[PDB]
Each structure stands twice: as C-alpha cells, then as structure tokens.
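Every residue, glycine as well, gets a Cβ built from its backbone with ideal geometry; the counts of neighbours run over all protein chains shown. What follows draws every value from the coordinates through simple rules; no lab data is involved.
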Amino acid sequence: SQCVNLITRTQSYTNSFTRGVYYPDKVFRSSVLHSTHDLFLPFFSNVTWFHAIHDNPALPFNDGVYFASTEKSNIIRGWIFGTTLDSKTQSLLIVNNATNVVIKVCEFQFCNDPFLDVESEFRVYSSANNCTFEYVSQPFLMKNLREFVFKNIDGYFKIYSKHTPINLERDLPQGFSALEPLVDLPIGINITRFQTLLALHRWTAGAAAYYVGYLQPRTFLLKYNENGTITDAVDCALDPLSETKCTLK
Amino acid sequence: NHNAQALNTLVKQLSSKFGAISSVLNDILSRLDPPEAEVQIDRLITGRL
Amino acid sequence: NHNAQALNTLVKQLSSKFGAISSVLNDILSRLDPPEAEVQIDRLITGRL
Amino acid sequence: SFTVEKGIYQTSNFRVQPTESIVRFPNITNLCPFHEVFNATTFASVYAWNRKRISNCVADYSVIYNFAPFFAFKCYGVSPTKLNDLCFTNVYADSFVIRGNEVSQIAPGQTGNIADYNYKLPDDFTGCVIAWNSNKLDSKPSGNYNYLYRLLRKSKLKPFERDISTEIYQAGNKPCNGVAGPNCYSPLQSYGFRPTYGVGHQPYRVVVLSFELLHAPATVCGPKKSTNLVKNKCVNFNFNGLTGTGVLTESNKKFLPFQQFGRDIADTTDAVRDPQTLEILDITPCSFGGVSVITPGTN
Amino acid sequence: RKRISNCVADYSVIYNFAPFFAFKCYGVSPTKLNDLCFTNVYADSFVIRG
Ligand SMILES: *[C@@H]1O[C@H](CO)[C@@H](O)[C@H](O)[C@H]1NC(C)=O
Ligand SMILES: *[C@@H]1O[C@H](CO)[C@@H](O)[C@H](O)[C@H]1NC(C)=O
Ligand SMILES: *[C@@H]1O[C@H](CO)[C@@H](O)[C@H](O)[C@H]1NC(C)=O
Ligand SMILES: *[C@@H]1O[C@H](CO)[C@@H](O)[C@H](O)[C@H]1NC(C)=O
Ligand SMILES: *[C@@H]1O[C@H](CO)[C@@H](O)[C@H](O)[C@H]1NC(C)=O
Ligand SMILES: *[C@@H]1O[C@H](CO)[C@@H](O)[C@H](O)[C@H]1NC(C)=O
Ligand SMILES: *[C@@H]1O[C@H](CO)[C@@H](O)[C@H](O)[C@H]1NC(C)=O
C-alpha cells in the first residue's frame with residue numbers, strides 16, 4: 001500500500017568487554033600465537049543498546065557493523081544498506097525468512113519505516129526498476145545470543161556469524177567466542193547508512209532489543225590451541241601492558 | 001636460551017617475502033614465466049644469504 | 001672519539017643514493033608512479049639496513 | 001685436491017628420490033562461456049560497465065585468441081602461458097568501450113578521468129586486460145553518440161565501484177534546481193566517433209579478466225587429467241595447482257568445514273584436503289641426512 | 001625550439017590536440033605532471049621516418 005510510521009525507539013549504553021573476534025582466514029593453525037591487522041571491535045568500549053517498541057533507524061555504517069541479538073521470538077529479519085535510501089542510488093535489500101534468503105541490489109524507493117505485513121514487502125519499497133545483482137541462498141538466522149559482523153572492502157561485502165548459548169544474564173557475557181565467515185559477495189557500491197527490518201502481524205504491539213557496535217582497524221594477537229580453536233586474544237592498543245605483551249609476543 | 005632463540009629466529013626468517021610476490025618457490029615457478037621468475041628467486045636468495 | 005665518529009658516519013650515510021634517482025623519499029613519491037616508486041625505495045631500504 | 005690427510009670430512013647429504021606423480025582435480029565437466037563475453041555485438045558504456053561471473057566450468061584460454069583480433073595479452077599477477085595450469089575460485093569479466101589514448105589508464109595505480117571517475121583498478125590487481133580496435137563497428141560517418149563518459153564527480157571512485165546516478169552537477173553556491181543554467185552542468189558527455197579520425201581517437205573495446213586466489217574450494221581451471229591417490233610413498237603431488245613432493249599419510253587433525261589448507265611455523269603447507277574425497281592428509285618431507293667420510297692419509 | 005615560462009601548465013588537454021597513443025617520459029610519470037612545478041619548459045618539434 002503506502003508508507004506508515006508506527007515504530008518508536010529508545011537508546012542506552014553498555015560495555016562490550018571482549019567480544020567480536022572472528023577467524024581472519026581459512027587456514028588451519030594449532031598451538032601457535034598469530035598476529036593480525038584487520039577491522040576488529042575494540043575491547044571495553046561503548047556499545048549501544050536499542051529498544052524498539054510499538055524514529056530514525058538509519059544508523060551510520062562507518063567501516064563495519066557488529067550486531068548482537070539475544071531474543072528468541074524471531075522478530076528480527078533482514079537489513080538495508082545504502083547511501084541515501086532513495087531511488088537515485090542502488091541499495092541492499094537483505095531479506096530473511098524460515099526457508100530462504102534473498103539479497104537484491106536495486107534502486108529501491110524506501111519508506112521512512114519499512115517492515116513486513118506478514119508476507120509482503122510493499123511497506124519497504126515502492127518499486128525497483130533497473131538493476132542486475134540478485135542472489136538466493138539458505139537463510140542466515142537459524143537463552144541464546146546471535147552475533148553478526150558486516151563489512152565491505154574493495155567492493156566485496158563480507159558477513160560473519162556466530163551463535164552461542166547463554167544463561168540468565170542482563171549484560172554481555174565474559175569469555176571468548178570466535179566467529180566464522182558465511183557470505184562474501186561482489187557488492188561494488190557505496191554504503192554510508194544502514195537500517196533494520198521487523199515483521200509485524202495484523203497490527204499488534206511489538207517489542208525488540210539489540211546491541212550495535214562499530215569496528216576499527218586494529219592489531220590483535222590470537223592464540224591457537226592444539227585443537228584448531230581460538231581461545232585467547234590480546235588487543236595491542238588498549239594499555240601499555242597489552243602493548244608490552246604484543247611486543248614480547 | 002641464546003642458542004634456542006637464534007635457531008628459532010633463523011627458522012622464522014623463512015616466511016619473509018623480501019619484496020617478491022610470494023615466499024614460496026613453487027608458487028613463483030608455477031605462476032610466472034621461467035625467464036621472468038628468476039628476478040623473484042634472486043630476492044629470496046639474497047635475503048636468506 | 002670512536003663513538004662520536006661512528007655516530008657522525010651513521011648520520012652522514014643518509015645522503016647516499018644507492019643507485020636510485022634521489023636520496024629523498026618525498027621527491028620519489030611525488031615524481032613517480034606508486035607502482036613504480038617501490039623499486040626506488042627498495043634500494044634505499046637495503047642500503048640503510 | 002688430489003691428496004687427503006688423515007681426518008673426518010663432511011662431504012654431502014643423501015636424500016630419497018620420488019617414485020611417480022599424483023594429480024588430483026575436482027569433478028568439473030562444463031565449459032566456461034568465454035564465447036559469450038566476446039562477439040556480443042553490443043558493448044556497454046564506460047560509466048556503466050557490465051560484469052559477468054564465471055564459476056564451475058573448465059577454462060580453456062587458448063581458444064580466446066580465436067574470438068577477437070587482438071594482438072597480445074596484458075597480465076600482471078600471472079603469465080598468459082601459465083593460465084592453463086592454475087586453478088582459481090571465481091572469475092570476473094568486465095567489458096566496455098573507450099577511446100584509443102585512454103587504454104593506458106586501465107592499470108593499477110593510474111590517474112586520469114577514466115581512472116578516478118569511471119573505472120578504477122586496485123593497486124594489488126591480479127588479472128589480465130585485452131583491448132582491441134573496433135573502428136569498423138563503433139564508428140559512423142555522421143558520428144556515433146551512444147557511448148558516454150562522466151566528467152565531474154565530487155570525489156574519486158573506489159576500486160571496483162560503479163556509479164549510475166544522473167543528476168545536475170553544481171559548480172557554485174546557488175542550488176541548481178534541476179536546470180542546466182550557469183555554474184550547473186550535465187555529468188555525462190558522449191564520445192564523437194568518426195572513421196576519419198586518427199588512431200588515438202578511435203574506439204577501442206576493452207575486456208578485463210579478474211581472478212581469485214585459492215582461499216575457498218576451487219571451481220575454474222583447465223582440462224588436466226586426475227590420477228589415483230597413493231600413500232606412504234615418496235611421491236610428487238599436485239593438489240589444485242599446489243605442487244610439491246613428499247609422503248602423504250592419513251591425518252588426525254580436525255579441520256573446520258570452511259578450511260582447506262594447513263600451515264606450520266615456517267609458512268609451509270603440511271596438511272591438505274583432497275578435492276574429490278573430502279579427506280584430510282598430512283605431508284611429510286622424504287628421508288634425508290648427512291654423510292661423513294673417515295679416512296687416513298692417502299700415503 | 002620554443003621556450004615556455006611564466007604560465008599555468010595543464011597537460012591533460014594535450015591529448016585533445018594530437019592523435020598520439022601514449023606518452024614516453026623518463027625522469028617523471030605522465031600522471032604526476034600536474035603537481036610538480038618547474039623553472040623552464042622547452043619544446044622541440046620535427047619530422048622523421050618511422
Ligand atoms: C559512552 O558514551 C557516553 C555518551 O556518548 C559517554 O558519556 C561515556 O563516557 C562513554 N563511555 C562509557 C564507558 O560509557
Ligand atoms: C521465503 O522467501 C523466498 C523468497 O521469495 C520465497 O521463495 C519463500 O517462499 C519464502 N518462504 C515462505 C515460507 O514463504
Ligand atoms: C534505469 O535507468 C535508466 C538510465 O537512467 C533509465 O533510462 C531507465 O528508465 C531506468 N529503469 C529501467 C527499468 O531501466
Ligand atoms: C560515498 O557516499 C558518501 C555519502 O555522501 C559520499 O560522501 C562519498 O563521497 C561517496 N564516495 C566515496 C568514495 O566514499
Ligand atoms: C579437542 O577437540 C576434541 C574433539 O572432540 C575434544 O574431544 C577435546 O576435548 C578437545 N580438547 C580441548 C582441550 O579442547
Ligand atoms: C562470435 O565471434 C565470431 C568472430 O569470428 C563471429 O564470427 C561470430 O558470428 C560470433 N558469434 C555470434 C555473434 O553469435
Ligand atoms: C567426483 O567424481 C568421482 C567419480 O565419479 C566420485 O567418486 C566422487 O564422489 C565425486 N566427488 C564428489 C565430491 O562428489
């Protein structure tokens with residue numbers, strides 16, 4: 001039909017501790033200490049807690065995005081990336097459901113508050129006319145916490161994902177949990193802002209919460225045990241002790 | 001410890017590129033012209049020497 | 001005097017060309033193709049090493 | 001010397017020589033559609049360049065010479081004669097039409113209108129560029145006007161980035177309001193192609209082939225026969241273009257499903273995954289040692 | 001031989017005057033000519049065989 005505005009949002013801040021570590025390459029290593037320089041999430045930094053209840057969800061993208069969701073009702077699905085969120089520029093339309101994922105790059109005319117009728121996308125964009133990039137695959141989303149990392153380098157969009165069981169806790173847990181790559185695509189467009197989609201039945205009151213953080217170019221020291229897994233990491237630009245540890249390897 | 005560290009450093013030095021396209025001789029041999037791959041092997045030889 | 005002379009020689013060594021077109025990195029960077037300026041920087045790096 | 005005194009001398013080393021050779025390639029039976037990339041009788045403009053993905057096929061580059069009347073290849077990371085042996089993951093083909101004097105701008109680390117506003121290549125590019133004259137097809141006596149290029153963009157383009165938006169570029173403080181008055185311009189201009197121009201002002205068709213190194217399971221490479229698999233012997237092996245010699249044994253390592261290779265401290269491959277059967281194998285250098293000779297004086 | 005001095009040099013327009021293929025420079029690069037600042041320019045012109 002037409003665009004409607006029915007979503008409100010609230011913000012808070014919290015600490016990230018040591019989260020957001022992913023395998024930098026598809027190479028097996030064991031019982032070693034490796035040094036990497038890449039886009040990572042710095043230790044002990046602000047992460048924004050967003051509460052959506054039923055609004056300008058066009059949050060900046062910057063170099064990369066770290067997303068965390070601890071819900072279970074499967075209210076969260078899909079993402080939009082772009083530079084102006086209009087029909088004059090191409091944009092991403094990642095959409096997820098229980099059976100498939102469709103990634104489309106076209107010149108959509110996005111609404112101010114996009115969502116799903118639930119199962120139509122007329123509330124998201126008015127129409128898409130001229131484009132080339134389409135892709136279909138198995139859906140990404142499958143007491144539990146789901147962590148995602150999105151970035152783009154040299155026209156290549158890369159996504160990392162991880163699932164981890166958690167107990168009754170009101171904040172992010174303590175420990176290490178590596179992330180594994182899932183999708184790399186030739187995006188080749190300009191990205192400045194990104195948004196979030198929700199599916200609302202009919203409407204009905206809805207509530208959701210998530211954690212958002214930003215990545216920065218950093219040097220990390222990872223420890224590979226005898227078993228192929230990453231169990232410890234050191235950030236070399238946190239405090240003089242960590243810098244000394246990185247220098248001494 | 002001095003001898004152990006010296007041997008470990010000597011072994012670790014084999015992973016350097018020294019300005020070439022790769023640190024593995026087989027990749028250079030299989031990816032480049034035989035009359036052209038010599039200028040890549042020369043850098044590795046000089047560095048190891 | 002030995003230490004003074006050694007330090008003075010080490011400082012004076014920075015004005016050599018080592019077969020490149022110039023002894024200043026900024027001139028090479030501003031006058032040459034970025035994929036081409038590397039072969040000039042390599043000589044300076046090797047000489048200083 | 002012809003005389004040796006009493007003592008012990010270190011002479012050389014002994015090694016074990018390989019017995020045979022092993023080649024292991026995955027099941028690929030289709031043929032890569034390099035034919036459709038060329039002879040398309042329609043080439044897009046430089047500002048809107050096409051991109052085609054090639055995967056899961058056998059690539060025979062030697063037939064490419066039969067489709068277009070170009071002179072020679074121009075490759076950077078590899079050699080044209082060695083393309084039939086390497087095995088990549090993905091291939092990308094881009095095609096467009098430019099002027100004669102701008103062909104030099106399609107290269108890593110280049111500067112120019114086309115380089116920073118239409119098509120940009122990364123500084124670590126690994127691929128090939130093929131350009132050939134097309135004056136007999138893209139020129140008209142009145143003047144062709146179906147090919148356009150962008151003049152003025154606010155910033156410089158990133159590598160492998162495409163721009164399609166058509167707006168009114170502003171050069172002053174006043175807003176343009178969608179009209180082409182003073183200090184307001186159109187961003188695209190059309191090439192003027194005529195058959196009476198010089199070689200430097202004639203149309204040229206350009207095709208860029210970009211390859212991806214081995215990080216994921218390979219999908220594209222030439223027709224090389226695959227032999228059987230032997231173990232516990234000093235043999236030469238070739239796994240998806242990775243060549244070496246040694247002894248192959250069963251591996252107890254637990255590779256993750258997205259991992260394909262294993263490295264050691266000295267940055268050498270020691271564990272491999274067979275392309276046909278998803279099995280992990282360990283590589284060990286063949287037996288070797290040092291030999292010393294003990295002798296009294298030659299008198 | 002022509003002497004060029006006391007003027008702003010825009011080499012990018014040179015491609016619009018003659019139908020040549022590419023430059024051939026030795027001490028500098030063709031793409032970096034718009035940033036360097038010289039003292040004098042000299043232009044020589046003639047006709048030879050192929
Ligand atoms: C996080 O951001 C807020 C406001 O932007 C600031 O007051 C605070 O010092 C920052 N750091 C932490 C640890 O909250
Ligand atoms: C999920 O989306 C895909 C993409 O259109 C669609 O083909 C599929 O039917 C959807 N799943 C369900 C259960 O409707
Ligand atoms: C896409 O863009 C072109 C160029 O601006 C325009 O002519 C065309 O109408 C648009 N839509 C489609 C479906 O091609
Ligand atoms: C990408 O989009 C941003 C948003 O306006 C713009 O500032 C920038 O110039 C564009 N291009 C690049 C290469 O970032
Ligand atoms: C290593 O992985 C194996 C896989 O089953 C597991 O049995 C073992 O407990 C692991 N050891 C450590 C120290 O993680
Ligand atoms: C393919 O290219 C050849 C060039 O020799 C041409 O003869 C042939 O007609 C082309 N095939 C097409 C356009 O289908
Ligand atoms: C490749 O083909 C061989 C012979 O048909 C077969 O044994 C093997 O299972 C195939 N590989 C895969 C991954 O299916």
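Projecting the Cα atoms of D:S210, D:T243, D:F258 onto the dipole axis of the stretch D:163-299, where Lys and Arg carry +1 and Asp and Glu carry -1 at the beta carbon, places D:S210 farthest toward the positive end. Given the pairs A:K72/A:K104; A:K158/D:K224; A:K104/A:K223, which are separated by over 28 angstrom at their Cα positions? Correct reply: A:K158/D:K224; A:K104/A:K223. Using every pair of distinct Cα positions in the protein assembly as shown, the Kirkwood expression returns a hydrodynamic radius of 30.5 angstrom. Rounded to the nearest 500, the helix-only mean residue ellipticity at 222 nm of chain A stands at -1000 deg cm²/dmol, with each DSSP H run of n ≥ 4 adding -39,500 (n - 2.57).
The residues A:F108, A:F44, A:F17, when put in order of fewest to most other Cβ atoms within 10 Å, stand as A:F44, A:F17, A:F108. Counting from the shortest, the label point at C:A4, 7 Å from Cα toward Cβ, is 4.5 nm from the same position in each remaining copy.
Taking +1 at the Cβ of each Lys and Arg and -1 at the Cβ of each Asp and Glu, which of E:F38, A:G188, D:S45 sits farthest along the dipole of the protein assembly as shown towards its positive end, judged by Cα position relative to the Cα centre? Comparing the listed Cα positions along the dipole, E:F38 ranks first. Applying a DSSP loop filter and a limit of 14 other Cβ atoms within 10 Å to the trypsin sites (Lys or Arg not before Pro) in the stretch D:252-299 leaves D:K254. For the residue pairs D:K52/D:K82; B:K12/E:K32; D:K52/D:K154, alpha carbon separations beyond 31 Å are given by B:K12/E:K32. Taking a sphere under 10 Å around the Cβ of A:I189 and counting the other residues whose Cβ falls inside, with K and R at +1 and D and E at -1, yields a net charge of 0.
What does the charge count near E:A18 come to, summing +1 for each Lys or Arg and -1 for each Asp or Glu among other residues with Cβ under 14 Å from its Cβ? Spelling it out: positives minus negatives among the neighbours equals +2. Near D:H215, once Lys and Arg are set to +1 and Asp and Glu to -1 for all other residues with Cβ below 11 Å from its Cβ, the sum equals -2.
Placing +1 on the Cβ of every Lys and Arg and -1 on the Cβ of every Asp and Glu, with no other charges, gives chain D a dipole of roughly 740 debye about its Cα centre. Taking D:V206, D:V129, D:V230 in turn, the Gaussian network model of chain D (Cα-Cα springs below 10 Å) assigns the largest fluctuation to D:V230.
Seen through its C-alpha gyration tensor, with square-root eigenvalues sorted a ≥ b ≥ c, the stretch D:219-264 comes out oblate because a/c lies at 1.5 or above while a/b is not bigger than b/c. Around the Cα centre of the protein assembly as shown, unit charges on the Cβ atoms of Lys, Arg, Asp and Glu (plus for the first two, minus for the last two) sum to a dipole of about 980 debye. Between A:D184 and D:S12, the simple spin-label model (points 7 angstrom out along Cα→Cβ) gives 4.5 nm. Net charge dipole, the stretch D:1-133: roughly 120 debye, given to the nearest 20, about the Cα centre with Cβ charges of +1 for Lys and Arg and -1 for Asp and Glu.
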